[PDB]
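Engineer: Quick one, final_8.json (JSON, N, CA and C atoms):
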[["chain", "number", "residue", "atom", "x", "y", "z"],
["A", 92, "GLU", "N", 12.14, -19.37, 0.50],
["A", 92, "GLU", "CA", 11.22, -19.29, 1.66],
["A", 92, "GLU", "C", 9.89, -18.64, 1.26],
["A", 93, "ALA", "N", 9.27, -17.92, 2.19],
["A", 93, "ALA", "CA", 8.00, -17.25, 1.93],
["A", 93, "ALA", "C", 6.95, -18.25, 1.43],
["A", 94, "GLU", "N", 6.15, -17.83, 0.45],
["A", 94, "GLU", "CA", 5.11, -18.68, -0.11],
["A", 94, "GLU", "C", 4.45, -18.01, -1.31],
["A", 95, "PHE", "N", 4.28, -18.78, -2.39],
["A", 95, "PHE", "CA", 3.67, -18.26, -3.61],
["A", 95, "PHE", "C", 4.44, -17.05, -4.13],
["A", 96, "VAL", "N", 3.75, -15.95, -4.41],
["A", 96, "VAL", "CA", 4.39, -14.74, -4.91],
["A", 96, "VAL", "C", 5.23, -14.07, -3.82],
["A", 97, "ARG", "N", 6.48, -13.78, -4.14],
["A", 97, "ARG", "CA", 7.39, -13.13, -3.19],
["A", 97, "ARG", "C", 7.15, -11.63, -3.15],
["A", 98, "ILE", "N", 5.89, -11.24, -3.03],
["A", 98, "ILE", "CA", 5.55, -9.83, -2.99],
["A", 98, "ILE", "C", 4.36, -9.57, -2.08],
["A", 99, "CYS", "N", 4.44, -8.47, -1.35],
["A", 99, "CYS", "CA", 3.37, -8.07, -0.45],
["A", 99, "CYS", "C", 2.06, -7.92, -1.22],
["A", 100, "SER", "N", 0.94, -8.19, -0.54],
["A", 100, "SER", "CA", -0.38, -8.11, -1.17],
["A", 100, "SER", "C", -0.48, -6.95, -2.15],
["A", 101, "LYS", "N", -0.62, -7.27, -3.43],
["A", 101, "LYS", "CA", -0.72, -6.26, -4.48],
["A", 101, "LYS", "C", -2.03, -5.48, -4.34],
["A", 102, "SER", "N", -2.95, -6.02, -3.54],
["A", 102, "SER", "CA", -4.25, -5.38, -3.32],
["A", 102, "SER", "C", -4.08, -3.93, -2.87],
["A", 103, "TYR", "N", -3.09, -3.68, -2.03],
["A", 103, "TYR", "CA", -2.82, -2.34, -1.53],
["A", 103, "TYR", "C", -2.68, -1.34, -2.67],
["A", 104, "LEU", "N", -2.06, -1.77, -3.76],
["A", 104, "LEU", "CA", -1.85, -0.91, -4.92],
["A", 104, "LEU", "C", -3.16, -0.26, -5.36],
["A", 105, "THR", "N", -4.23, -1.05, -5.43],
["A", 105, "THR", "CA", -5.53, -0.53, -5.83],
["A", 105, "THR", "C", -6.35, -0.09, -4.62],
["A", 106, "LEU", "N", -6.91, 1.11, -4.70],
["A", 106, "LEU", "CA", -7.71, 1.66, -3.62],
["A", 106, "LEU", "C", -8.86, 2.51, -4.16],
["A", 107, "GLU", "N", -10.06, 2.28, -3.65],
["A", 107, "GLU", "CA", -11.23, 3.03, -4.07],
["A", 107, "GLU", "C", -11.06, 4.51, -3.72],
["A", 108, "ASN", "N", -11.22, 5.38, -4.71],
["A", 108, "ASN", "CA", -11.07, 6.81, -4.50],
["A", 108, "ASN", "C", -9.71, 7.12, -3.90],
["A", 109, "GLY", "N", -8.67, 6.51, -4.46],
["A", 109, "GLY", "CA", -7.32, 6.72, -3.97],
["A", 109, "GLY", "C", -6.27, 6.07, -4.85],
["A", 110, "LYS", "N", -5.04, 6.57, -4.76],
["A", 110, "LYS", "CA", -3.94, 6.04, -5.55],
["A", 110, "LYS", "C", -2.72, 5.77, -4.67],
["A", 111, "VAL", "N", -2.05, 4.65, -4.93],
["A", 111, "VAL", "CA", -0.87, 4.27, -4.16],
["A", 111, "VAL", "C", 0.42, 4.48, -4.95],
["A", 112, "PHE", "N", 1.40, 5.11, -4.30],
["A", 112, "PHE", "CA", 2.69, 5.37, -4.93],
["A", 112, "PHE", "C", 3.70, 4.28, -4.60],
["A", 113, "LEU", "N", 3.53, 3.11, -5.21],
["A", 113, "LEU", "CA", 4.44, 1.98, -4.97],
["A", 113, "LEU", "C", 5.87, 2.32, -5.37],
["A", 114, "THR", "N", 6.82, 1.61, -4.78],
["A", 114, "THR", "CA", 8.23, 1.82, -5.07],
["A", 114, "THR", "C", 9.06, 0.59, -4.71],
["A", 115, "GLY", "N", 8.88, -0.48, -5.48],
["A", 115, "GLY", "CA", 9.60, -1.71, -5.23],
["A", 115, "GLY", "C", 9.59, -2.65, -6.42],
["A", 116, "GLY", "N", 8.42, -2.82, -7.03],
["A", 116, "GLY", "CA", 8.30, -3.70, -8.18],
["A", 116, "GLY", "C", 7.93, -5.12, -7.82],
["A", 117, "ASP", "N", 8.78, -6.08, -8.21],
["A", 117, "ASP", "CA", 8.53, -7.49, -7.93],
["A", 117, "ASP", "C", 9.83, -8.24, -7.65],
["A", 118, "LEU", "N", 10.61, -7.72, -6.72],
["A", 118, "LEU", "CA", 11.88, -8.33, -6.33],
["A", 118, "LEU", "C", 11.67, -9.35, -5.22],
["A", 119, "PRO", "N", 12.62, -10.30, -5.06],
["A", 119, "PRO", "CA", 12.53, -11.34, -4.03],
["A", 119, "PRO", "C", 12.09, -10.79, -2.68],
["A", 120, "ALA", "N", 10.88, -11.16, -2.27],
["A", 120, "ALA", "CA", 10.31, -10.72, -1.00],
["A", 120, "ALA", "C", 9.95, -9.23, -1.02],
["A", 121, "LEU", "N", 10.74, -8.44, -1.74],
["A", 121, "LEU", "CA", 10.50, -7.01, -1.84],
["A", 121, "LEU", "C", 10.67, -6.34, -0.47],
["A", 122, "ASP", "N", 11.73, -6.73, 0.23],
["A", 122, "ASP", "CA", 12.02, -6.18, 1.55],
["A", 122, "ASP", "C", 12.69, -4.81, 1.44],
["A", 123, "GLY", "N", 11.99, -3.87, 0.81],
["A", 123, "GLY", "CA", 12.54, -2.54, 0.64],
["A", 123, "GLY", "C", 11.52, -1.57, 0.06],
["A", 124, "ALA", "N", 10.60, -2.10, -0.73],
["A", 124, "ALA", "CA", 9.57, -1.29, -1.37],
["A", 124, "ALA", "C", 8.86, -0.39, -0.37],
["A", 125, "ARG", "N", 8.44, 0.78, -0.84],
["A", 125, "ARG", "CA", 7.73, 1.74, -0.01],
["A", 125, "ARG", "C", 6.58, 2.36, -0.80],
["A", 126, "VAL", "N", 5.38, 2.31, -0.23],
["A", 126, "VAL", "CA", 4.21, 2.85, -0.90],
["A", 126, "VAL", "C", 3.60, 4.01, -0.12],
["A", 127, "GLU", "N", 3.36, 5.11, -0.81],
["A", 127, "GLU", "CA", 2.77, 6.29, -0.20],
["A", 127, "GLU", "C", 1.29, 6.39, -0.54],
["A", 128, "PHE", "N", 0.44, 6.17, 0.45],
["A", 128, "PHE", "CA", -1.00, 6.23, 0.25],
["A", 128, "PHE", "C", -1.48, 7.68, 0.16],
["A", 129, "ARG", "N", -2.51, 7.91, -0.65],
["A", 129, "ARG", "CA", -3.07, 9.24, -0.83],
["A", 129, "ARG", "C", -4.47, 9.17, -1.42],
["A", 130, "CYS", "N", -5.43, 9.80, -0.75],
["A", 130, "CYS", "CA", -6.81, 9.80, -1.21],
["A", 130, "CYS", "C", -7.08, 10.97, -2.16],
["A", 131, "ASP", "N", -8.00, 10.75, -3.10],
["A", 131, "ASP", "CA", -8.36, 11.78, -4.08],
["A", 131, "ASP", "C", -8.73, 13.10, -3.40],
["A", 132, "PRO", "N", -8.75, 14.21, -4.18],
["A", 132, "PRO", "CA", -9.08, 15.55, -3.67],
["A", 132, "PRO", "C", -10.54, 15.69, -3.23],
["A", 133, "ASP", "N", -10.96, 14.84, -2.31],
["A", 133, "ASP", "CA", -12.32, 14.85, -1.79],
["A", 133, "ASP", "C", -12.34, 14.17, -0.42],
["A", 134, "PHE", "N", -11.64, 13.05, -0.33],
["A", 134, "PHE", "CA", -11.55, 12.30, 0.91],
["A", 134, "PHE", "C", -10.14, 12.43, 1.49],
["A", 135, "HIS", "N", -10.05, 12.60, 2.81],
["A", 135, "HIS", "CA", -8.75, 12.75, 3.45],
["A", 135, "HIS", "C", -8.33, 11.45, 4.12],
["A", 136, "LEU", "N", -7.12, 11.00, 3.80],
["A", 136, "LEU", "CA", -6.57, 9.77, 4.35],
["A", 136, "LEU", "C", -6.37, 9.91, 5.86],
["A", 137, "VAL", "N", -6.85, 8.93, 6.61],
["A", 137, "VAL", "CA", -6.74, 8.96, 8.07],
["A", 137, "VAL", "C", -6.25, 7.63, 8.64],
["A", 138, "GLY", "N", -5.02, 7.25, 8.32],
["A", 138, "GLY", "CA", -4.50, 6.00, 8.84],
["A", 138, "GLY", "C", -3.07, 5.72, 8.41],
["A", 139, "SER", "N", -2.83, 4.48, 8.01],
["A", 139, "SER", "CA", -1.51, 4.05, 7.57],
["A", 139, "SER", "C", -1.19, 4.62, 6.20],
["A", 140, "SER", "N", -1.13, 5.94, 6.12],
["A", 140, "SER", "CA", -0.84, 6.63, 4.87],
["A", 140, "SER", "C", 0.51, 6.19, 4.30],
["A", 141, "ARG", "N", 1.25, 5.39, 5.07],
["A", 141, "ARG", "CA", 2.55, 4.88, 4.64],
["A", 141, "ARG", "C", 2.73, 3.42, 5.07],
["A", 142, "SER", "N", 3.21, 2.59, 4.15],
["A", 142, "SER", "CA", 3.44, 1.17, 4.43],
["A", 142, "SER", "C", 4.65, 0.67, 3.65],
["A", 143, "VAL", "N", 5.66, 0.20, 4.37],
["A", 143, "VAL", "CA", 6.87, -0.30, 3.73],
["A", 143, "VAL", "C", 6.82, -1.82, 3.56],
["A", 144, "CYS", "N", 6.93, -2.26, 2.31],
["A", 144, "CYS", "CA", 6.90, -3.69, 1.99],
["A", 144, "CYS", "C", 8.16, -4.38, 2.51],
["A", 145, "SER", "N", 7.99, -5.57, 3.07],
["A", 145, "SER", "CA", 9.12, -6.33, 3.60],
["A", 145, "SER", "C", 8.74, -7.79, 3.85],
["A", 146, "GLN", "N", 9.60, -8.70, 3.40],
["A", 146, "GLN", "CA", 9.36, -10.13, 3.56],
["A", 146, "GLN", "C", 8.03, -10.53, 2.92],
["A", 147, "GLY", "N", 7.75, -9.96, 1.76],
["A", 147, "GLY", "CA", 6.52, -10.26, 1.04],
["A", 147, "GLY", "C", 5.27, -9.84, 1.80],
["A", 148, "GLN", "N", 5.43, -8.94, 2.77],
["A", 148, "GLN", "CA", 4.29, -8.46, 3.56],
["A", 148, "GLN", "C", 4.46, -6.99, 3.95],
["A", 149, "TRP", "N", 3.36, -6.23, 3.88],
["A", 149, "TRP", "CA", 3.39, -4.81, 4.23],
["A", 149, "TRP", "C", 3.54, -4.61, 5.73],
["A", 150, "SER", "N", 4.36, -3.65, 6.13],
["A", 150, "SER", "CA", 4.57, -3.36, 7.54],
["A", 150, "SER", "C", 3.25, -3.03, 8.24],
["A", 151, "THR", "N", 2.55, -2.01, 7.74],
["A", 151, "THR", "CA", 1.27, -1.62, 8.33],
["A", 151, "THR", "C", 0.10, -1.95, 7.41],
["A", 152, "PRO", "N", -1.04, -2.37, 8.01],
["A", 152, "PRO", "CA", -2.25, -2.73, 7.26],
["A", 152, "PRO", "C", -2.84, -1.55, 6.48],
["A", 153, "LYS", "N", -3.45, -1.85, 5.34],
["A", 153, "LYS", "CA", -4.06, -0.83, 4.49],
["A", 153, "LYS", "C", -5.04, 0.04, 5.27],
["A", 154, "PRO", "N", -4.99, 1.38, 5.07],
["A", 154, "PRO", "CA", -5.87, 2.32, 5.76],
["A", 154, "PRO", "C", -7.22, 2.50, 5.06],
["A", 155, "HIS", "N", -7.82, 3.68, 5.22],
["A", 155, "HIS", "CA", -9.11, 3.97, 4.60],
["A", 155, "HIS", "C", -9.28, 5.48, 4.38],
["A", 156, "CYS", "N", -10.05, 5.84, 3.36],
["A", 156, "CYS", "CA", -10.29, 7.25, 3.05],
["A", 156, "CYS", "C", -11.62, 7.71, 3.64],
["A", 157, "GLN", "N", -11.58, 8.84, 4.35],
["A", 157, "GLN", "CA", -12.78, 9.39, 4.98],
["A", 157, "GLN", "C", -13.23, 10.66, 4.26],
["A", 158, "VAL", "N", -14.53, 10.76, 4.02],
["A", 158, "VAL", "CA", -15.09, 11.93, 3.34],
["A", 158, "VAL", "C", -14.96, 13.18, 4.21],
["A", 159, "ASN", "N", -14.64, 14.30, 3.58],
["A", 159, "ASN", "CA", -14.49, 15.57, 4.30],
["A", 159, "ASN", "C", -15.78, 15.95, 5.02]]
Represent the structure from my file as structure tokens, please.
Structural biologist:
Amino acid sequence: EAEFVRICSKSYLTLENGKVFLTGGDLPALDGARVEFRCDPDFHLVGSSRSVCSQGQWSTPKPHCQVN
């Protein structure tokens, strides 16, 4: 089922002035992976600081880092 890569948008992994703590890899659909968002020691994360991968799609949309 699904389509193309059986993994939630890898884009989330990369974030400007921030690092994502992925935890799933590249398993079928990846209906279990969990990524912990966190902004560098300058900007404070204010949103979906947490997103669980499922059915090749992240539960919550990528957030954003706000300057202190």
Engineer: Between CA of residue 111 in chain A and atom C of residue 95 in chain A, measure the distance and give it in Å to one decimal.
Structural biologist: 22.0 Å
Engineer: Of the candidates A:109, A:152, A:119, A:147, which one gets nearest to residue 131 in chain A if we count only N, CA and C atoms?
Structural biologist: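 Among the listed residues, the smallest separation from residue 131 in chain A belongs to A:109.
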Engineer: Taking only C-alpha atoms into account, which of A:115, A:102, A:107, A:159 comes nearest residue 137 in chain A?
Structural biologist: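 Of all the options, A:159 lies closest to residue 137 in chain A.
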Engineer: Select from chain A everything DSSP, run on the backbone, classes as strand (DSSP E or B), then give the selection as a tab-separated table (two decimals) with N, CA and C atoms, in the frame of the given file.
Structural biologist:
chain	number	residue	atom	x	y	z
A	105	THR	N	-4.23	-1.05	-5.43
A	105	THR	CA	-5.53	-0.53	-5.83
A	105	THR	C	-6.35	-0.09	-4.62
A	106	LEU	N	-6.91	1.11	-4.70
A	106	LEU	CA	-7.71	1.66	-3.62
A	106	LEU	C	-8.86	2.51	-4.16
A	109	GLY	N	-8.67	6.51	-4.46
A	109	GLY	CA	-7.32	6.72	-3.97
A	109	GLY	C	-6.27	6.07	-4.85
A	110	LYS	N	-5.04	6.57	-4.76
A	110	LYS	CA	-3.94	6.04	-5.55
A	110	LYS	C	-2.72	5.77	-4.67
A	111	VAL	N	-2.05	4.65	-4.93
A	111	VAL	CA	-0.87	4.27	-4.16
A	111	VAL	C	0.42	4.48	-4.95
A	112	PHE	N	1.40	5.11	-4.30
A	112	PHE	CA	2.69	5.37	-4.93
A	112	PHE	C	3.70	4.28	-4.60
A	125	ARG	N	8.44	0.78	-0.84
A	125	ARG	CA	7.73	1.74	-0.01
A	125	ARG	C	6.58	2.36	-0.80
A	126	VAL	N	5.38	2.31	-0.23
A	126	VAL	CA	4.21	2.85	-0.90
A	126	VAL	C	3.60	4.01	-0.12
A	127	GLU	N	3.36	5.11	-0.81
A	127	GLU	CA	2.77	6.29	-0.20
A	127	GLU	C	1.29	6.39	-0.54
A	128	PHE	N	0.44	6.17	0.45
A	128	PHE	CA	-1.00	6.23	0.25
A	128	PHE	C	-1.48	7.68	0.16
A	129	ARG	N	-2.51	7.91	-0.65
A	129	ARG	CA	-3.07	9.24	-0.83
A	129	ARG	C	-4.47	9.17	-1.42
A	130	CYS	N	-5.43	9.80	-0.75
A	130	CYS	CA	-6.81	9.80	-1.21
A	130	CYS	C	-7.08	10.97	-2.16
A	132	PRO	N	-8.75	14.21	-4.18
A	132	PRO	CA	-9.08	15.55	-3.67
A	132	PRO	C	-10.54	15.69	-3.23
A	134	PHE	N	-11.64	13.05	-0.33
A	134	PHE	CA	-11.55	12.30	0.91
A	134	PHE	C	-10.14	12.43	1.49
A	135	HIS	N	-10.05	12.60	2.81
A	135	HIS	CA	-8.75	12.75	3.45
A	135	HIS	C	-8.33	11.45	4.12
A	136	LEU	N	-7.12	11.00	3.80
A	136	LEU	CA	-6.57	9.77	4.35
A	136	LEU	C	-6.37	9.91	5.86
A	141	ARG	N	1.25	5.39	5.07
A	141	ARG	CA	2.55	4.88	4.64
A	141	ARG	C	2.73	3.42	5.07
A	142	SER	N	3.21	2.59	4.15
A	142	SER	CA	3.44	1.17	4.43
A	142	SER	C	4.65	0.67	3.65
A	143	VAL	N	5.66	0.20	4.37
A	143	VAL	CA	6.87	-0.30	3.73
A	143	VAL	C	6.82	-1.82	3.56
A	144	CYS	N	6.93	-2.26	2.31
A	144	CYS	CA	6.90	-3.69	1.99
A	144	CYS	C	8.16	-4.38	2.51
A	145	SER	N	7.99	-5.57	3.07
A	145	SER	CA	9.12	-6.33	3.60
A	145	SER	C	8.74	-7.79	3.85
A	148	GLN	N	5.43	-8.94	2.77
A	148	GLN	CA	4.29	-8.46	3.56
A	148	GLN	C	4.46	-6.99	3.95
A	149	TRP	N	3.36	-6.23	3.88
A	149	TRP	CA	3.39	-4.81	4.23
A	149	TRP	C	3.54	-4.61	5.73
A	156	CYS	N	-10.05	5.84	3.36
A	156	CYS	CA	-10.29	7.25	3.05
A	156	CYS	C	-11.62	7.71	3.64
A	157	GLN	N	-11.58	8.84	4.35
A	157	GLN	CA	-12.78	9.39	4.98
A	157	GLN	C	-13.23	10.66	4.26
A	158	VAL	N	-14.53	10.76	4.02
A	158	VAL	CA	-15.09	11.93	3.34
A	158	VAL	C	-14.96	13.18	4.21
Engineer: Can you work out which one of A:125, A:101, A:135, A:110 has the shortest atom-to-atom distance to residue 157 in chain A, counting all atoms listed in the file?
Structural biologist: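 Checking each of A:125, A:101, A:135, A:110 against residue 157 in chain A, counting all atoms listed in the file, the winner is A:135.
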Engineer: Between atom N of residue 156 in chain A and atom C of residue 127 in chain A, what is the distance in Å, rounded to a tenth?
Structural biologist: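 Those two atoms sit 12.0 Å apart.
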Engineer: Which residue out of A:114, A:105, A:139, A:100 has the minimum interatomic distance to residue 155 in chain A when all atoms listed in the file are used?
Structural biologist: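 Of the candidates, the smallest distance to residue 155 in chain A is held by A:139.
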Engineer: Quick one: distance from CA of residue 143 in chain A to CA of residue 106 in chain A in Å, one decimal?
Structural biologist: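 Computed distance, CA of residue 143 in chain A to CA of residue 106 in chain A, equals 16.4 Å.
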Engineer: What lies within 8 Å of residue 112 in chain A using all atoms listed in the file, ignoring chain neighbours under 5 positions off, as a compact mmCIF listing (two decimals) with N, CA and C atoms, in the frame of the given file?
Structural biologist:
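Saved as part.txt:
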# COMPACT_ATOMS: atom_id res chain seq x y z
N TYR A 103 -3.09 -3.68 -2.03
CA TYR A 103 -2.82 -2.34 -1.53
C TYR A 103 -2.68 -1.34 -2.67
N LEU A 104 -2.06 -1.77 -3.76
CA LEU A 104 -1.85 -0.91 -4.92
C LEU A 104 -3.16 -0.26 -5.36
N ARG A 125 8.44 0.78 -0.84
CA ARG A 125 7.73 1.74 -0.01
C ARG A 125 6.58 2.36 -0.80
N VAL A 126 5.38 2.31 -0.23
CA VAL A 126 4.21 2.85 -0.90
C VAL A 126 3.60 4.01 -0.12
N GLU A 127 3.36 5.11 -0.81
CA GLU A 127 2.77 6.29 -0.20
C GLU A 127 1.29 6.39 -0.54
N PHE A 128 0.44 6.17 0.45
CA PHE A 128 -1.00 6.23 0.25
C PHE A 128 -1.48 7.68 0.16
N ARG A 129 -2.51 7.91 -0.65
CA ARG A 129 -3.07 9.24 -0.83
C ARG A 129 -4.47 9.17 -1.42
Engineer: Smallest atom-to-atom distance to residue 108 in chain A: which of A:144, A:130, A:158, A:136, using only C-alpha atoms?
Structural biologist: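 Answer, going by the shortest atom-to-atom distance: A:130.
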Engineer: Here is a test: counting only C-alpha atoms, which residue of A:97, A:92, A:113, A:132 is nearest to residue 148 in chain A?
Structural biologist: A:97
Engineer: Return as a list in words the full set of residues in chain A whose backbone-based DSSP assignment is helix (DSSP H, G or I).
Structural biologist: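 Written out, the helix (DSSP H, G or I) residues of chain A are residues 101, 102, 103 and 104 of chain A.
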Engineer: Given the selection you just returned, output its residues as a file containing N, CA and C atoms, formatted as a PDB file, in the frame of the given file.
Structural biologist:
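The new file selection-v7.pdb reads:
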ATOM      1  N   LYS A 101      -0.620  -7.270  -3.430  1.00  0.00           N
ATOM      2  CA  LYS A 101      -0.720  -6.260  -4.480  1.00  0.00           C
ATOM      3  C   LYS A 101      -2.030  -5.480  -4.340  1.00  0.00           C
ATOM      4  N   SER A 102      -2.950  -6.020  -3.540  1.00  0.00           N
ATOM      5  CA  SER A 102      -4.250  -5.380  -3.320  1.00  0.00           C
ATOM      6  C   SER A 102      -4.080  -3.930  -2.870  1.00  0.00           C
ATOM      7  N   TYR A 103      -3.090  -3.680  -2.030  1.00  0.00           N
ATOM      8  CA  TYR A 103      -2.820  -2.340  -1.530  1.00  0.00           C
ATOM      9  C   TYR A 103      -2.680  -1.340  -2.670  1.00  0.00           C
ATOM     10  N   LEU A 104      -2.060  -1.770  -3.760  1.00  0.00           N
ATOM     11  CA  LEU A 104      -1.850  -0.910  -4.920  1.00  0.00           C
ATOM     12  C   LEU A 104      -3.160  -0.260  -5.360  1.00  0.00           C
TER      13      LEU A 104
END
